[PDB]
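Enquirer: Below is one structure. I have some questions about it.
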Amino acid sequence: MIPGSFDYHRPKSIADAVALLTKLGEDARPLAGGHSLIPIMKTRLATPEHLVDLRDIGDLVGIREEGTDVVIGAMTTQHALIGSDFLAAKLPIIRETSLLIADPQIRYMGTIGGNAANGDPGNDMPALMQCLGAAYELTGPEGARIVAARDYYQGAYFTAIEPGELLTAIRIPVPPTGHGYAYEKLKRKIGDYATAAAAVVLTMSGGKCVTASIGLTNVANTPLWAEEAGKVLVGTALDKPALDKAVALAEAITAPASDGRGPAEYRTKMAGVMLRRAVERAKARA
Amino acid sequence: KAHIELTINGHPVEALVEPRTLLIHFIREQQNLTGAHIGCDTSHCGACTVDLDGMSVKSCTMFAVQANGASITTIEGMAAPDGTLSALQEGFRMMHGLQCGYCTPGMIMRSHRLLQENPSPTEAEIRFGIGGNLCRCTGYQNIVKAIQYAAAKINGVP
Amino acid sequence: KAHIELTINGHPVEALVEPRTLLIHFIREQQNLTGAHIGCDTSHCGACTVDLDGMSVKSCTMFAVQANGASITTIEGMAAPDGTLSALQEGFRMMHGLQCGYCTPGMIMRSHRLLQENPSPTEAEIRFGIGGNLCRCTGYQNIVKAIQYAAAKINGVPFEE
Amino acid sequence: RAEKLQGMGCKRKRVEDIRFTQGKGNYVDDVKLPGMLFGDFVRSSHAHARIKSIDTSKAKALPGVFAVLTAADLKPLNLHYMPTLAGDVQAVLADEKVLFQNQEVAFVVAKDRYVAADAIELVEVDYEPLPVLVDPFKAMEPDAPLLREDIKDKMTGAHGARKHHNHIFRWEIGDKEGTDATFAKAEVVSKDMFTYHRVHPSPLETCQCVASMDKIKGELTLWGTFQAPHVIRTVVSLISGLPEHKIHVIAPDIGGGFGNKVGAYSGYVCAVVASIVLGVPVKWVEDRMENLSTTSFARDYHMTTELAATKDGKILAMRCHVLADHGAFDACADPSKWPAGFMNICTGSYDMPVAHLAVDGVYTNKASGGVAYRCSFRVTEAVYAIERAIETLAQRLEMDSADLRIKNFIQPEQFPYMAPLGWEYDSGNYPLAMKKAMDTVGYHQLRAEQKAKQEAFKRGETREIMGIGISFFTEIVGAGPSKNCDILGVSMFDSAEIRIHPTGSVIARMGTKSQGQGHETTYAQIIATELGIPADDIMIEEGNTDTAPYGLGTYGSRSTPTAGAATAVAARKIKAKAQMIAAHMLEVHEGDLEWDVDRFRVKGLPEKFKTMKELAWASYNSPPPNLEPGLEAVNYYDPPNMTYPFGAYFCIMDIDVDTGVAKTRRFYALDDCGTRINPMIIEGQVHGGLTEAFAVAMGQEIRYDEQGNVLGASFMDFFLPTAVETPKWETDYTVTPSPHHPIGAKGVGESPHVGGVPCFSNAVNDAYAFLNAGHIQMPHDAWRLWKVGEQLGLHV
Amino acid sequence: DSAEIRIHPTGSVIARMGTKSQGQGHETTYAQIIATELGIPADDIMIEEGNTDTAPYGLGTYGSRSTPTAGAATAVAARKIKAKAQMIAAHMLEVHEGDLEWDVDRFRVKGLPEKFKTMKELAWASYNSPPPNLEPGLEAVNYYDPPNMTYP
Amino acid sequence: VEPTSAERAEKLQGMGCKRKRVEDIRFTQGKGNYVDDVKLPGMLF
Ligand SMILES: Cc1cc2nc3c(=O)[nH]c(=O)nc-3n(C[C@H](O)[C@H](O)[C@H](O)COP(=O)(O)OP(=O)(O)OC[C@H]3O[C@@H](n4cnc5c(N)ncnc54)[C@H](O)[C@@H]3O)c2cc1C
Ligand SMILES: Nc1ccn([C@@H]2O[C@H](COP(=O)(O)OP(=O)(O)OC[C@H]3Oc4nc5nc(N)nc(O)c5nc4C(S)=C3S)[C@@H](O)[C@H]2O)c(=O)n1
Ligand code: FES
Ligand code: FES
Ligand code: FES
Ligand code: FES
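First to last, the protein sequences are chains C, X, P, G, W and H.
Quick note: the first sequence uses the deposited numbering, first residue 1, plus one each step.
Quick note: the second sequence uses the deposited numbering, first residue 3, plus one each step.
Quick note: the third sequence uses the deposited numbering, first residue 3, plus one each step.
Quick note: the fourth sequence uses the deposited numbering, first residue 14, plus one each step.
Quick note: the fifth sequence uses the deposited numbering, first residue 507, plus one each step.
Quick note: the sixth sequence uses the deposited numbering, first residue 7, plus one each step.
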């Protein structure tokens with residue numbers, strides 16, 4: 001329950017936050033909504049010497065369309081995502097997913113950026129972002145760079161971010177109008193990280209799938225982008241043979257933990273079931 | 003220690019806090035507002051819920067320094083200045099929405115915000131809307147009734 | 003408010019007080035040492051007596067600011083750390099030197115100083131020596147005995163009977 | 014004045030709610046006393062190890078730390094172990110070894126809980142691992158580790174002059190010879206091993222106390238989460254040497270107990286010792302992870318359960334043997350003579366000629382407990398055993414299990430019914446309740462619907478299966494008669510004291526202690542009806558051992574059986590004295606008076622009367638010369654028997670065999686607890702208990718791995734349903750009064766859990782019965798029900 | 507005036523009265539009355555007055571009334587406890603109550619002094635093994651209406 | 007110790023004894039609780 005002592009900072013700008021993180025070093029952590037970091041500080045798994053609260057940086061909050069992308073500031077809360085009718089018009093999968101994250105209190109505080117940057121495979125947004133082919137905008141002392149969400153995750157609490165960098169925004173290509181989408185999550189109760197979950201976006205024409213992308217949540221030490229599984233759907237009617245192929249190729253890449261949510265073998269199968277169900281719902285939406 | 007200034011239940015508060023002090027401890031220990039409760043060490047139970055800048059917040063998952071400049075309502079702030087119970091407080095009593103009372107402050111504080119988010123919620127909306135709040139005693143059924151009763155009362159005021 | 007630093011019952015104390023705050027009220031209301039009592043408004047009763055820089059003082063007739071830098075002992079400071087009561091505290095109980103207890107803190111604090119002034123006082127010296135302390139309950143006779151008991155205890159030998 | 018009475022049977026709104034809805038409850042952690050410190054424990058990272066050294070120097074040196082106690086500090090006060098309710102001892106601070114993960118090793122006392130937590134991290138313990146024992150089935154093997162070195166020598170088998178060193182007790186009851194003979198010849202023998210898995214009561218408020226030794230006065234005040242505060246006083250007295258009149262135990266508002274707060278914990282002892290040493294108050298408040306992993310677990314019974322029957326479905330005998338995992342110390346709350354509680358109610362609602370029960374308790378490297386979480390002293394286990402055995406027998410007989418129950422119920426005319434393991438049931442009308450329940454849920458129609466759904470499944474038309482869960486149960490609550498029920502030698506009575514003021518209001522106190530069950534509301538309803546005094550004119554208090562009459566506390570649904578009875582009896586003493594006052598005032602014989610709601614009237618001259626209010630005043634103003642002034646009474650009520658409420662619960666469950674996800678379609682709960690004091694409160698008790706039942710059956714668990722690590726002991730994993738997962742509850746009742754109880758009222762609070770768990774588990778088991786799954790062990794969460802289907806070939 | 511006396515399982519006592527000391531020593535002296543009546547040392551008895559929620563109703567301390575009224579009540583309440591204790595003793599010792607004699611702090615069987623129960627033992631027995639005809643526990647109240655004043 | 011009747015009586019410190027006062031422990035140490043010693047949250051004068 002009780003964290004170790006730390007110093008607390010409120011930088012006024014991205015630049016000042018990056019400068020602070022760079023100066024203070026590895027013992028400094030960004031503080032966004034706090035709803036993953038504070039819990040692990042309370043267990044003393046995390047014992048940072050400094051927290052750099054991003055609360056006063058307005059430029060980290062917001063949702064805009066820029067070109068062919070939606071750009072979401074890292075500090076945009078789950079509650080804000082859900083509330084954005086503009087985002088629901090363009091990227092309705094985000095609201096659907098966010099409503100499957102945590103609980104109202106947590107969603108008031110938790111941010112998209114903190115969900116994406118956290119590195120716990122339990123988080124839902126990572127695999128959604130991989131599904132959507134989002135790019136993460138990172139700013140550090142050496143400047144800005146972009147890392148694809150598909151390339152961002154290496155392991156539990158191991159991501160591509162470098163010392164002194166903040167994830168400042170997530171840039172999400174907007175799927176075509178009329179696209180199908182679904183996020184299907186299996187969990188033990190409200191608030192629980194997925195036993196398995198699947199994010200799907202697809203498009204159809206003339207009864208055939210034209211595009212499909214699939215992400216899988218919490219069925220490996222990272223989110224997974226199920227590249228082969230999505231490709232096998234393309235050119236099919238999204239019928240049983242096609243779904244069975246996609247399920248196979250998705251299951252093949254899983255490597256789940258055996259924990260209170262069940263053993264790895266179950267969770268692999270549940271990735272497949274969630275995938276099937278998500279494809280079905282996406283097909284119907286398409 | 004950091005100096006903070008905020009408002010709690012409409013009153014100015016100024017204090018010196020260690021950054022690591024959790025908001026729930028600040029409220030209970032330093033401010034002596036012991037209505038808010040601690041029911042867990044993992045952020046699940048919602049017994050520590052307060053209304054903070056228009057949000058339902060689990061105050062065990064926030065440091066007091068993060069609440070600098072905030073406006074917080076705790077359960078002590080729900081009754082009217084003349085002592086009259088809020089619609090929610092009254093509904094929880096009328097509908098037998100509490101037993102031990104331990105979740106109740108958090109439940110009411112969450113519900114206060116719920117009914118601002120959605121003044122006329124369905125039962126599914128209520129149950130989902132309080133999903134961050136655990137109760138051991140009631141089995142939730144009368145809590146739903148309590149919230150519905152409060153909505154009806156609120157909706158009849160204007 | 004005035005800043006004061008002093009010592010009470012052997013412990014450092016630092017405080018802010020209004021000049022007009024009576025020492026009795028600082029001790030009772032700010033320091034929560036509620037053994038000392040107020041029995042009067044004219045400085046007669048002695049119920050507020052504390053030991054202050056080697057003097058018996060009626061703390062209702064002193065402002066807290068006047069005690070800046072002082073060393074004060076109140077009744078709470080009389081018992082030993084090990085729990086044992088002082089000779090006076092014991093004598094008061096043994097000789098039935100108190101009833102309601104309201105004068106007792108000030109009687110004992112006065113007596114503490116009396117027995118430093120005069121370790122082996124006669125009865126007349128005792129009575130005179132506590133003349134600034136009123137008691138409503140005891141009629142003083144047992145207080146005298148209590149002080150005699152304490153003196154004899156301290157001295158290792160009795161004096162008067 | 015009719016509107017004001019709010020007596021028995023009224024849905025009186027709760028007086029407690031005023032404060033609780035406003036945050037003005039007074040729970041232990043709300044207490045702040047001058048100079049109060051905070052203490053908490055350094056806890057064992059090992060399940061089984063010798064303690065080689067404990068270095069507390071860095072912790073003591075930390076600013077703000079006032080003490081660090083180890084067993085070395087307690088031993089001289091004979092407080093390194095504490096007695097348990099079960100007649101064992103439990104280590105307060107670990108001395109030579111630790112025996113369960115998270116066991117208390119040192120107690121750090123600091124300025125506040127933040128500094129205490131810092132200091133705990135500075136204590137260094139060196140351990141020498143010992144072999145871990147977690148599987149109770151192996152606890153009595155010849156090579157099982159010697160856990161309890163403090164009380165046991167090595168004893169590796171079962172034929173030595175002491176039991177196996179890991180064997181706590183063997184308890185048996187019933188007619189072995191007769192039972193064995195019936196099983197040897199019965200046409201059908203139905204045997205299964207049902208495990209009731211370890212769970213935890215997990216009250217929302219954890220265990221905690223504030224100890225304040227006043228060294229000047231030599232008096233200890235102890236605020237705490239105590240379901241049985243008078244018991245705690247007496248125990249604190251026996252172990253501390255302070256006399257009871259100088260120990261002031263205060264159980265204030267308690268944020269739920271659910272059995273977790275009956276016994277004493279190391280934290281209470283250590284806070285007390287620390288306060289005594291330091292002379293200032295010491296608060297101890299545990300966090301959830303420590304609550305779940307170090308305080309009273311529940312269940313953990315492995316029940317080999319057999320029914321003997323004729324092919325036509327008459328039950329001839331029951332034979333049950335239980336292996337009980339008690340963890341490292343036997344701290345299992347129970348009346349002292351009942352080491353397996355009332356597990357001998359396991360013949361249930363059925364009239365069986367003979368039965369036999371044996372229970373062996375064993376030590377393992379786990380937290381202690383057993384009795385908690387609405388078990389009524391192992392009645393959860395008893396009921397699960399029989400209600401599951403009914404279902405497995407019915408499968409074996411190819412009989413509908415409703416019909417099997419009907420064929421075997423104890424009939425109303427048989428009460429009071431002496432059951433074959435010794436309990437005499439007070440009253441019951443089982444056939445009527447069962448019928449009401451079946452009719453309400455449309456039972457036979459459900460079965461036809463189920464059959465059609467099964468056929469559909471086989472035709473590949475649905476991936477969902479339907480189960481119909483039945484639980485018809487007989488509870489036993491109200492411990493209990495002095496002849497056989499005592500808590501560490503104190504007979505299990507309870508008590509009430511009622512005092513009427515001159516102006517007619519009342520203060521009444523009881524020896525129980527609510528943790529949310531509404532006693533402050535409902536005890537006043539009993540009095541209100543008895544005396545004609547409005548309930549709002551009556552103040553109810555519990556929990557201050559200086560003021561409340563001695564009682565045995567609240568657990569085992571005993572409050573209404575014991576203190577509810579005492580309340581009525583005490584009120585009737587007052588009424589009798591009032592009648593004498595009225596006779597004096599009206600100048601008639603007492604026999605010439607009759608009670609009429611709120612007054613005594615002269616028979617045949619109804620215009621001449623005296624009201625209770627008038628009599629109260631008279632008792633002070635014009636006391637009759639033959640009588641003492643005033644108007645008050647006490648009763649300590651030694652019950653003549655337990656009360657035996659019952660219920661008929663039906664669950665319809667739909668299960669997705671591909672994910673294992675079960676969804677309750679409907680849950681109907683009929684409870685009969687005799688006279689119903691407050692229907693609103695009873696309903697809430699049922700809702701709460703059914704939600705626990707759902708949780709236990711469908712997800713909750715505390716587990717240990719082979720290394721003795723405690724698993725799942727946080728709300729990350731411990732299944733507590735939210736409003737989203739919790740089913741809607743349909744409740745119903747019948748009323749079959751307890752003949753021996755002063756107001757005919759039986760206990761009820763535990764009934765929903767007792768009956769509910771088998772109802773849910775039976776529904777799950779029933780869903781898969783057509784697929785021949787056998788007995789599916791709880792909990793019935795998704796991965797485990799997926800495994801059931803996987804193993805049945807349903808996924809290919 | 508009034509007295510309520512409750513004996514705990516382990517033999518200590520809480521007793522309250524309807525008077526209120528202002529220094530007359532009631533907390534000491536009422537316990538003396540009880541001690542002699544019950545054979546329980548005075549130091550084992552806690553006396554309280556003045557909290558109207560807890561103390562039995564009384565008319566207070568003035569008119570030198572406390573000993574005449576609550577002192578009477580204390581003795582009478584204590585005698586009620588003694589009478590119950592004697593019943594418990596007779597049950598435990600398997601004799602008639604008339605076969606018992608009191609010896610400071612215990613009932614002994616007349617002619618057989620080695621057969622006895624102390625008040626402390628009886629207090630525990632009242633909780634541990636209540637005779638079937640009696641309520642558990644060991645306590646009493648008396649509200650004492652004096653027949654006359656006392657005339658020192 | 008099998009105390010005599012007289013020893014047992016003496017230990018009682020009952021009727022007729024010059025029993026020393028229990029109140030004196032707190033009063034001699036300033037730990038009485040008189041009205042003006044009471045302090046409650048928010049108390050006015
Ligand atoms: C009880 C409970 C249930 C939950 N259930 C779910 C769930 O179902 N699904 C789910 O997805 N989440 C769940 N969460 C986690 C929640 O969504 C967190 O909000 C999220 O994981 C972290 O976002 P945050 O804004 O709170 O970040 P923080 O906790 O503030 O930070 C998390 C991490 O990311 C870093 N960080 C944050 N922002 C940045 C940034 N802009 N740049 C670089 N690093 C950054 C921090 O330094 C820290 O290392 C749950 C949490 C709780 C308490
Ligand atoms: N015939 C009856 C029986 C009961 N009641 C009312 O129902 C309540 C519960 O009474 P009873 O069945 O006698 O149970 P207890 O009060 O002894 O409660 C103990 C029981 O209470 C249960 N319910 C709980 N509910 C809450 N809120 N908190 C707990 O800790 C609880 N713990 C569980 C556990 S475990 C147990 S053992 C009381 O207000 C009683 O008046 C009634 O109106 N009529
Ligand atoms: S105390 Fe449980 S969520 Fe805050
Ligand atoms: S009322 Fe007890 S936890 Fe909700
Ligand atoms: S109060 Fe009387 S002299 Fe001070
Ligand atoms: S003891 Fe009462 S005034 Fe002296």
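Heads up, the beta-carbon is just placed ideally off N, CA and C, and yes, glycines get one too.
Shorter than 8 Å from the beta carbon of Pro48/C to some beta carbon of chain G?
Expert: Judged by the 8 Å Cβ criterion, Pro48/C is not in contact with chain G.
Enquirer: Here's the rule: buried if 16 or more other CB atoms are within 10 angstroms of the residue's CB, otherwise exposed. What is residue 456/W?
Expert: Because chain W here runs from 507 to 658, residue 456/W falls outside it and cannot be looked at.
Enquirer: With a cut-off of 8 Å, does the C-beta of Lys231/C fall near any C-beta of chain G?
Expert: It does not; no Cβ of chain G falls within 8 Å.
Enquirer: Which whole-angstrom value is the C-beta distance of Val70/C and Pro11/C, which I expect to be below 8 Å?
Expert: Between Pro11/C and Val70/C the Cβ distance is about 26 Å, and since that is not below 8 Å, they are no contact.
Enquirer: As a quick exercise: from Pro216/G, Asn634/G and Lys204/G, pick the residue whose alpha carbon is nearest that of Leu320/G.
Expert: Among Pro216/G, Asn634/G and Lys204/G, the Cα nearest to that of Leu320/G is on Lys204/G.
Enquirer: I'd like to know if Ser518/W contacts chain G, where contact means its C-beta is closer than 8 Å to some C-beta of that chain.
Expert: Closer than 8 Å: yes.
Enquirer: Taking a cut of 9 Å between CB atoms, which residues from the segment 711 to 725 of chain G lie near chain C?
Expert: Against chain C - using a Cβ distance shorter than 9 Å - the residues of the segment 711 to 725 of chain G are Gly712, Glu714, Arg716, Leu724 and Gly725.
Enquirer: Ends of the beta strand (DSSP E) at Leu329/G?
Expert: Here the beta strand (DSSP E) through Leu329/G covers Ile328 to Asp338.
Enquirer: Roughly how many whole angstroms lie between the Cα atoms of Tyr563/W and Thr558/G?
Expert: Whole-angstrom Cα-Cα distance: 20 Å.
Enquirer: Taking only beta-carbon positions, decide if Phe506/G is within less than 8 Å of chain W.
Expert: Output row for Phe506/G: interface = yes.
Enquirer: Pick out every residue whose C-beta is nearer than 6 Å to a heavy atom of ligand 3: which are they, in chain order?
Expert: Selection output, chain order preserved: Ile40/X, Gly41/X, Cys42/X, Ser45/X, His46/X, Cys47/X, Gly48/X, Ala49/X, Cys50/X, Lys60/X and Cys62/X.
Enquirer: At a cut of 8 Å, does the segment 656 to 669 of chain G reach the segment 474 to 482 of chain G through at least three beta carbon pairs?
Expert: Segments in contact, yes.
Enquirer: Is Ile77/X closer than 8 Å to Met111/X when the C-beta atoms are compared?
Expert: Yes, the Cβ-Cβ distance between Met111/X and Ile77/X is below 8 Å.
Enquirer: For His50/C, verify whether its CB is less than 7 Å away from any heavy atom of ligand 1.
Expert: Incorrect: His50/C has no Cβ contact closer than 7 Å to ligand 1.
Enquirer: Ends of the beta strand (DSSP E) at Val290/G?
Expert: Looking at the DSSP string, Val290/G is not in any beta strand (DSSP E); the run it does join, the alpha helix (DSSP H), is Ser279 to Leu291.
Enquirer: Indicate whether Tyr386/G and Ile423/G have their beta-carbon atoms separated by less than 8 Å.
Expert: Not in contact: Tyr386/G and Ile423/G (Cβ atoms no closer than 8 Å).
Enquirer: Per DSSP, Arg30/X forms a beta bridge with which residues?
Expert: BP columns for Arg30/X are empty, so no partner.
Enquirer: Given that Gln101/P touches chain W, what residues does it touch there, using C-beta distances under 8 Å?
Expert: In chain order: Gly529, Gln530 and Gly531.
Enquirer: By Cβ distance below 8 Å, which residues in the same chain neighbour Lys590/W in space, the five residues on each side in sequence not counted?
Expert: For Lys590/W, where only same-chain residues beyond five positions count, the Cβ hits under 8 Å are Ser632, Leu640, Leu644 and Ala646.
Enquirer: For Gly34/C and chain X, any beta-carbon pair shorter than 8 Å?
Expert: Chain X contact via Cβ: present.
Enquirer: Quick one: Cα of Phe622/G to Cα of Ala561/W, how far?
Expert: The alpha-carbon atoms of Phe622/G and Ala561/W are separated by roughly 31 Å.
Enquirer: Using a cut-off of 8 Å between C-beta atoms, extract the partners of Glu645/W located in chain G.
Expert: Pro562 and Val647, listed in chain order.
Enquirer: Spatial neighbours of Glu162/G within its chain, please: C-beta separation below 8 Å, excluding the five flanking residues on both sides.
Expert: Correct list, in chain order: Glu109 and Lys110.
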